[PDB]
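Visitor: Please work out how this folds:
(2 chains, ligands or ions: 8)
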Amino acid sequence: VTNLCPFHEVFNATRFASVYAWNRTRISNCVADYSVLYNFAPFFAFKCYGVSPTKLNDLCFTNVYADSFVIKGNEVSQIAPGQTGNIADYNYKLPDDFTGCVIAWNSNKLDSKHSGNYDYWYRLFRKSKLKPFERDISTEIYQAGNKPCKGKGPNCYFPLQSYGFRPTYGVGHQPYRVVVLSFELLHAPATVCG
Amino acid sequence: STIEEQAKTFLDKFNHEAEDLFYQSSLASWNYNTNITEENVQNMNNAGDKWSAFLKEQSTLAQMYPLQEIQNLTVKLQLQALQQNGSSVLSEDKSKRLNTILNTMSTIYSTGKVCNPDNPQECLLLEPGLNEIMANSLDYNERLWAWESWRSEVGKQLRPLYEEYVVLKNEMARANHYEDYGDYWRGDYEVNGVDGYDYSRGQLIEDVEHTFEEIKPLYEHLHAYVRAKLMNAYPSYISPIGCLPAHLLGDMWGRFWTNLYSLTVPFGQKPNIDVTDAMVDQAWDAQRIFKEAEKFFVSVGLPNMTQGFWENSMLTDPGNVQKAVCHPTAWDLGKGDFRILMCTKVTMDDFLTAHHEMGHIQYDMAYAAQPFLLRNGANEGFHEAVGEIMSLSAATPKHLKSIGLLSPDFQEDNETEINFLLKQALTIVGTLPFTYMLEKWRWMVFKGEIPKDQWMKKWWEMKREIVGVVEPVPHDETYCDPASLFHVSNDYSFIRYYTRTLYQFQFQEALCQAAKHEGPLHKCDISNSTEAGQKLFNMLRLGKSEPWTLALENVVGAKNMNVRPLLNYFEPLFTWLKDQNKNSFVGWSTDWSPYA
Ligand SMILES: *[C@@H]1O[C@H](CO)[C@@H](O[C@@H]2O[C@H](CO)[C@@H](O[C@@H]3O[C@H](CO[C@H]4O[C@H](CO)[C@@H](O)[C@H](O)[C@@H]4O)[C@@H](O)[C@H](O[C@H]4O[C@H](CO)[C@@H](O)[C@H](O)[C@@H]4O)[C@@H]3O)[C@H](O)[C@H]2NC(C)=O)[C@H](O)[C@H]1NC(C)=O
Ligand SMILES: *[C@@H]1O[C@H](CO)[C@@H](O[C@@H]2O[C@H](CO)[C@@H](O[C@@H]3O[C@H](CO)[C@@H](O)[C@H](O)[C@@H]3O)[C@H](O)[C@H]2NC(C)=O)[C@H](O)[C@H]1NC(C)=O
Ligand SMILES: *[C@@H]1O[C@H](CO)[C@@H](O[C@@H]2O[C@H](CO)[C@@H](O)[C@H](O)[C@H]2NC(C)=O)[C@H](O)[C@H]1NC(C)=O
Ligand SMILES: *[C@@H]1O[C@H](CO)[C@@H](O[C@@H]2O[C@H](CO)[C@@H](O)[C@H](O)[C@H]2NC(C)=O)[C@H](O)[C@H]1NC(C)=O
Ligand SMILES: *[C@@H]1O[C@H](CO)[C@@H](O)[C@H](O)[C@H]1NC(C)=O
Ligand SMILES: *[C@@H]1O[C@H](CO)[C@@H](O)[C@H](O)[C@H]1NC(C)=O
Ligand SMILES: *[C@@H]1O[C@H](CO)[C@@H](O)[C@H](O)[C@H]1NC(C)=O
Ligand SMILES: *[C@@H]1O[C@H](CO)[C@@H](O)[C@H](O)[C@H]1NC(C)=O
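Guide: Residues are numbered from 1 along each chain as shown, chains lettered A, B, ... in the order given. Ligands and ions are numbered 1, 2, ... in the order given. Shown next is the protein structure:
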C-alpha cells in the first residue's frame, strides 16, 4: 500500500460545477479504496449498475472517470440509462450499457442563500438530442421561429436558464450533489485496484 | 416550425420565471403578515409591483399566437388564462381613476367608525364592539340605533363612488367582448370545446333559480319556527304573520343565524356536546391538536405533513411587541412550501378549524405536479367544499368517542340529534336566500334593468319578497345599504358560497356511500375507509386540467348541481319542523311594516 487514489478531492471540494458544463476527472495508477465513500452522510441514492457494490475490490480496471455536478432533488431519477427528460437528453446522457455507480446526497446547508443562489444553470432548449458523454458550452440565441433572430427578442431565447436556491424550499427542489463513477476495459495493463 | 410549438416554448419559459417571481411575492407577504413593520410593508409593495409588471408584459407578449390554430386543449387554456388575467384595455386616466376609487372605498370601509351620542370622547369601531353589540345585546332600541347609525355612516358616503365604479366597470367590460361585468363574473363557469360537457354563461342563472325552487319549503318552515321563538322573546314588536325585523338577526346584515341558537334551542335541558373541559383536563395544546388532525388525515391513506411545515408554520400567538393578524389562513408559497397561520386556543372551535385548514393544505399539496397556470381548483367553489367536508365529518360523536375526548357513557337519542341538526341548519340553510338575493340584485344592477332612482326601492322589495325581512326604518336613495358589506365594497364575487353549499353535501354523500356506511347521513365517519380517500385523491390530483363537469361526474356520477343530498341530510329536522308548525302559520305578507 503506497499510493492512494484521490477521492477526497472529487468529494469535499467546496464548490461544484453547473450541470450543463459538468466536470470530468481521470483517476489512474493508484490503489483505489471504496470504503472512504461510506464515511460520509447517508446517500439519497447509491445505485451500482454494472458491478455489485460489495465486490468492487475483487475486480479492477484501467481508467476511472468521476463526473460531478449539482441538480434538483427530483431530477436524480433522470441520471440513469434509458431515461427520458429535459436534463437527461439536453445536459448529460448515459449509454444503455453503462457500467458504474451513481452517488447523490443532500447539500442544502452548503448551497443555499437567503437572497438566492443564482450560480447554477441548466440548458433548457436545444435543436437536437445529446449523444452519450457529450457536452455543449456554446451559448447562441436559440431560434424557435422562421424569422432569423439577429438578437434576443420574441421567439428567440437565451439557451441557459438559471437556478435559484433558498433554504426554505421543500425537499425535491433543494440542491443535490451527484457523483458518477465509470469503469471500462481496454487492451492495456489495468494497474488500478487494491 | 408551427404555431403550437412556438406557443409551447413560450409557455415553458413563462412557467419557470413565474414560479420564482410568485415565490418572492408570497414570501414578502408572509413576512409582513406574521410581523407588522413599515419595512415589511415596503418589501411587500415592491414584490407586488414587480409581479404585476411582469404579468403585464407577459400578457402583452402572449397576443402573438392566434387561438384558432391550437387543438391540444391544454395549451389553449393556459394562453386564455394569461390573456384574461393579464390584459388591460382602459386608458391610463381611467385606470388611475378606478384604482383611486377602489382604494378610497377600501379605506372608507376599513376606517369607518361610529361615535356614541352625547359622548364624543368614545367612538365605537366595527370589529371590536359593534359586532359584539349585535351578537349579544338584547336591547331593541340599542340594536336599532347601532344598525341605522352604521348604515347611514357607511352608505351615504359610498353611493356616488359606487355609481362611478359601476359605470367604469361596465365601460371596461363592454370594451372587452363580454356583454357586461356580470357576464364577466359568470364566465368563470364557462366550458367550451368538449363534447358532452359544454356549459354556457346563461345556463348558470337558470340552474340557481331551479335549485332555489327546490329549497323554498324547508327554509320557510325554519323561518316560521324562528319567528315563533322570536315572538316569545320580543312580544310586542313582532307581527304574528309579518316579516322579521332586520336588526334582530344576530349580526349586522343577517348573513348567519348562528347567534340565535341560545334563544331558539329546542331542548335546553339536554347536555350539549362540549370537549373544552375534557381537553383542559387532559392538558392539550396546539401541537397535540395538529398531530391529531394529521393522524385523522393519515387514516384515510392521504400523505401527511412535511418537516418544513412543522418548522416554519406558527401555531400560537407570539405576543409581546410581535403583532400579527389572527385570521386563520392556508399559505401556498410554491416550490414545495406549505404553511398555516393561526392563533390557537384550547377550544373545540379551534379543533375543527385545524381540520378545516389542513383540508385546504392537502388540496393545495395534491395538484403540485400540474403546470403553474393550472394549479387551482376546478372553479371557485370546489376548494371551499373540499375544505368544509373535513370539518363536517370531524364533529360527530363517534369520532370524538374514538379519539377519547368524549365519555364512553355518552349516548344519543331524539333530542341530541334534533339539537345538533337545528344548530347546523341555523348556520348553513339560513345564508342561502341572503346570498342568492345579493347576487341576483348585483346582476340586475350590472345589467341595467334597475335605474338608480329606484335602486334601494327594488332592493327593499326583494328583501320583503325572497328573504322575508322588512326594514325597520324607511330609506330613500341617499343611503347605500348593500355597500356596507365587506365583499360588496371590496369587489368580490358572491356566488361561490352558494355552489359550495351544494358541492360539499354531494361530495359527502358520495364518500359515505363509498364507505358502505349504514344509518342516517348526518352520523357518518370516513376515518378508516380507504376507497373514499382514494376517490377523493383521484379528484384532487386533476387540478384545472379537466373541466369541472368531468370531475364532478368522476366523483358523484353527475354533470350538474343537485339539492337532493342536502334535503336527505336535513330530512330528520324537516319532519320535526313540519310536526311542530301545525299550529303556526307558514309564510309572510310584505304589506306589514313596523313603522305603520
Ligand atoms: C387571476 O387574478 C385574480 C384576481 O382578479 C386572482 O384571484 C384571486 O384568487 C385567490 C385564490 O382563489 C383569492 O383568494 C381568496 O380570497 C378570499 C377573500 O378573502 C379576503 O378577506 C379576508 C378576510 O375575510 C382576507 O384575509 C383576505 O386576504 C382577503 O382580503 C379569501 O377568503 C380566500 O380564502 C379561502 O381560502 C383559504 C385557503 O387558501 C382558506 O383558509 C379560507 O378559509 C378561505 O376558504 C382566498 O384566499 C383572491 O381573492 C382572488 N382575487 C380577487 C381579486 O378576487 C387569481 O389568483 C389570478 N390567477 C392566477 C394568478 O393564476
Ligand atoms: C397536449 O400537449 C401536452 C404537452 O406536451 C401533451 O402532454 C405530453 O404528453 C406526452 C405523452 O403522454 C408526455 O411525454 C411523456 O414524457 C415522459 C418524460 O417526462 C416520458 O417518460 C413518457 O414516456 C412520455 O413520453 C409529455 O411529457 C407531456 N407533456 C407535458 C408538458 O407534460 C399532451 O399529450 C398533448 N395532448 C394532445 C391531445 O395532443
Ligand atoms: C420583525 O420585523 C422587524 C423589522 O421588520 C425585524 O427587525 C429586523 O431584524 C433584522 C434581523 O433580525 C435586522 O437586520 C434589522 O435591523 C431589524 N430591524 C429593526 C428595525 O430592528 C424583526 O427581526 C422581525 N422579527 C423576527 C422574529 O424576525
Ligand atoms: C380506526 O382505526 C383506529 C385504530 O385501530 C381505531 O382506534 C381504536 O378505537 C377504539 C374505540 O372504538 C379504541 O378502543 C382503540 O384503542 C383504538 N385503537 C387505537 C390503536 O387507537 C378507530 O376506532 C377506527 N375507527 C373507527 C370508526 O372505528
Ligand atoms: C471538506 O473537508 C475538510 C477537511 O476534511 C473540512 O474542513 C471541510 O469543512 C469540508 N467541507 C465540505 C464542504 O465538506
Ligand atoms: C473542475 O475540475 C478541475 C480539476 O480538479 C478543477 O481544477 C476545476 O476548478 C473544476 N471546476 C469546477 C467548475 O468545478
Ligand atoms: C406520517 O408521518 C410520519 C412521521 O411522524 C412518517 O413516519 C409516516 O411515514 C407518515 N405517513 C405516511 C403514510 O407516509
Ligand atoms: C323519540 O324516540 C322514540 C323512540 O321510541 C320515538 O318513538 C319518538 O317518535 C321520538 N320522538 C321524537 C319527537 O323524536
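Visitor: which one is residue A:117 nearest to, not counting chain neighbours?
Guide: Spatial nearest neighbour of residue A:117, excluding adjacent residues (C-beta to C-beta, 6 or more residues apart in numbering or on different chains): residue A:165 at 3.8 Å. Quick note: C-beta positions are derived from backbone N, CA and C, even for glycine.
Visitor: Going by residue numbers, what spans are strands in the stretch 1-150 of chain B?
Guide: Secondary structure of the stretch 1-150 of chain B, counting by DSSP state E, counting those that start in this stretch: strands at B:113-115, B:123-125.
Visitor: Pairing partners for the last one, with directions?
Guide: For strand B:123-125, the paired strands and their directions (DSSP bridges) read strand B:113-115 (antiparallel).
Visitor: Now do the same contact list for the residue in chain B positioned nearest to chain A.
Guide: In chain B, the residue found nearest to chain A is residue B:336; the distance is 2.5 Å by C-beta to the nearest C-beta. Residue B:336 sits next to A:169, A:170, A:171, A:172, A:173, B:306, B:308, B:368 when contact means C-beta atoms under 8 Å, 6 or more residues apart in numbering or on different chains.
Visitor: where exactly do the strands run in chain A?
Guide: Under the criterion DSSP state E, chain A carries strands at the ranges A:23-27, A:45-48, A:63-71, A:100-106, A:121-123, A:142-143, A:156-157, A:160-162, A:176-184.
Visitor: got JSON lines for these, with mean neighbour count and distance to ligand 5 too?
Guide: Formatted as JSON lines, these follow (neighbours: other C-beta atoms under 10 Å in any protein chain shown; distance: least, C-beta to the nearest ligand atom, whole Å):
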{"stretch": "strand A:23-27", "mean neighbour count": "13", "distance to ligand 5": "16"}
{"stretch": "strand A:45-48", "mean neighbour count": "15", "distance to ligand 5": "18"}
{"stretch": "strand A:63-71", "mean neighbour count": "20", "distance to ligand 5": "13"}
{"stretch": "strand A:100-106", "mean neighbour count": "19", "distance to ligand 5": "11"}
{"stretch": "strand A:121-123", "mean neighbour count": "21", "distance to ligand 5": "21"}
{"stretch": "strand A:142-143", "mean neighbour count": "17", "distance to ligand 5": "35"}
{"stretch": "strand A:156-157", "mean neighbour count": "18", "distance to ligand 5": "34"}
{"stretch": "strand A:160-162", "mean neighbour count": "15", "distance to ligand 5": "22"}
{"stretch": "strand A:176-184", "mean neighbour count": "19", "distance to ligand 5": "9"}
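Visitor: closest to residue B:552 out of those?
Guide: With C-beta to C-beta, the closest approach to residue B:552 among the strands of chain A belongs to strand A:160-162: 38.1 Å.
Visitor: ok, and the closest non-adjacent residue to residue A:75?
Guide: Using C-beta to C-beta, 6+ apart and skipping the chain neighbours, the partner closest in space to residue A:75 is residue A:87 (5.0 Å).
Visitor: Neighbours of that neighbour, how many?
Guide: 21 (other C-beta atoms under 10 Å in any protein chain shown).
Visitor: ok, the spatially most central residue of chain B - contacts?
Guide: For chain B, the residue nearest the mean C-alpha position is residue B:497 (4.8 Å; C-alpha atoms, centre = their mean). Applying C-beta under 8 Å, 6+ apart to residue B:497 gives the contacts B:381, B:384, B:431, B:435.
Visitor: rerun that using 6 Å as the cut-off
Guide: Going by C-beta atoms under 6 Å, 6 or more residues apart in numbering or on different chains, residue B:497 touches residue B:435.
Visitor: buried sites along stretch B:214-228?
Guide: B:215, B:218, B:219, B:220, B:221, B:222, B:223, B:224, B:225, B:226, B:227, B:228 (16 or more other C-beta atoms under 10 Å in any protein chain shown).
Visitor: Using CSV, lay out those together with distance to residue A:11 and secondary structure.
Guide: What follows is the buried residues of stretch B:214-228, written out as CSV (distance: C-beta to C-beta, whole Å; DSSP: H, G, I helix; E, B strand; the rest coil):
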residue, distance to residue A:11, secondary structure
B:215, 69, helix
B:218, 71, helix
B:219, 71, helix
B:220, 76, helix
B:221, 76, helix
B:222, 72, helix
B:223, 75, helix
B:224, 79, helix
B:225, 76, helix
B:226, 74, helix
B:227, 79, helix
B:228, 81, helix
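Visitor: Closest one to ligand 1 out of those, please.
Guide: Among the buried residues of stretch B:214-228, residue B:215 lies closest to ligand 1 (C-beta to the nearest ligand atom), at 22.9 Å.
Visitor: Just give the closest residue to residue A:132, not the sequence neighbours.
Guide: residue A:95 (4.3 Å).
Visitor: how many neighbours does whatever residue of chain A ends up closest to ligand 7 have?
Guide: Going by C-beta to the nearest ligand atom, ligand 7 is nearest to residue A:171 of chain A, at 13.5 Å. The tally of other residues near residue A:171 (other C-beta under 10 Å) stands at 15.
Visitor: Would you mind measuring from it to ligand 2?
Guide: Between residue A:171 and ligand 2 the computed distance is 20 Å (C-beta to the nearest ligand atom, to the nearest Å).
Visitor: What residue, apart from its backbone neighbours, is nearest that residue spatially?
Guide: Residue A:171's closest residue in space is residue A:73 (C-beta to C-beta, 6+ apart), at 5.9 Å.
Visitor: Near residue 49, how many other residues are there?
Guide: Unless you meant another one, I'm taking chain A. Around residue A:49 there are 13 residues (other C-beta under 10 Å).
Visitor: wrong one, chain B
Guide: 11.
Visitor: Equivalent analysis for residue B:93, please.
Guide: Neighbour count of residue B:93, defined by other C-beta under 10 Å: 8.
Visitor: before we move on, what about residue B:589?
Guide: Using other C-beta under 10 Å, the number of residues around residue B:589 comes to 13.
Visitor: Show the contacting residues for it.
Guide: Counting by C-beta under 6 Å, 6+ apart, residue B:589 makes contact with residue B:241.
Visitor: Show me how far the host helix or strand of residue B:433 is from its chain's centre.
Guide: In the assignment (DSSP states H and E), residue B:433 maps to helix B:431-447. The chain centre lies 15 Å from the centre of helix B:431-447; the measure is C-alpha atoms, centre = their mean, to the nearest Å.
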